[PDB]
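Shown here is one chain on its own, the form solved without 4-[(3S)-piperidin-3-yl]-1H-indole (ZA9), set out as structure tokens.
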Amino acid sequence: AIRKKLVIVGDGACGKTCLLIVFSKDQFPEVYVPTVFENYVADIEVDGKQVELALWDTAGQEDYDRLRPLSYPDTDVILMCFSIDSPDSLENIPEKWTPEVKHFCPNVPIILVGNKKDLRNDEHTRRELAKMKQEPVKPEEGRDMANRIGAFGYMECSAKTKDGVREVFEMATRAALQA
């Protein structure tokens, strides 16, 4: 019954809030998707170990540099999120979020998560990105970034289709359990 804390970080529209909601409810909300996430305590059993995983969000704190670090105390695993339909949100991963998470959370495993992977095949996503001389984040660009920032690993998921969501959180539990 060990207790572990998980905090998800990332830019405004990286889908961190949708991801925590979809995992804690265990389905894509059919009628209404909530604007905000309060907190949750998930009961996870990974590789034979039972863990109470407390989930937290940093949405709303991105502009407040003194309030935001109050979410970090005693974090056991960091989910560093970016959105596959926003290659610019990936550029901020090593320049803004990594040095802050390493400063406040030394030696805490970080999993780089590419969210919204369904948008890699969406036509409106490609057409709009190509207007700004861009295209969806490629699987190798995510893996290289995780490698460069010294991440524990790289994962992709789609909160809209629920694909990869369960595996991200069970892996995060494993990462939190390593001494």
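One rule holds for the numbers: they count along the sequence shown, beginning at 1.
The form solved in complex with 4-[(3S)-piperidin-3-yl]-1H-indole (ZA9) exists for this protein as well; it is not shown, and the discussion that follows is about that form.
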Clash verdict for 4-[(3S)-piperidin-3-yl]-1H-indole (ZA9) in the bound PDB entry, overlaid onto the shown chain (3 or more atoms within 2.4 angstroms of backbone or C-beta): open
Contact flag, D65 vs 4-[(3S)-piperidin-3-yl]-1H-indole (ZA9) in the bound PDB entry, heavy atom cut 4.5 Å: yes
Contact flag, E100 vs 4-[(3S)-piperidin-3-yl]-1H-indole (ZA9) in the bound PDB entry, heavy atom cut 4.5 Å: yes
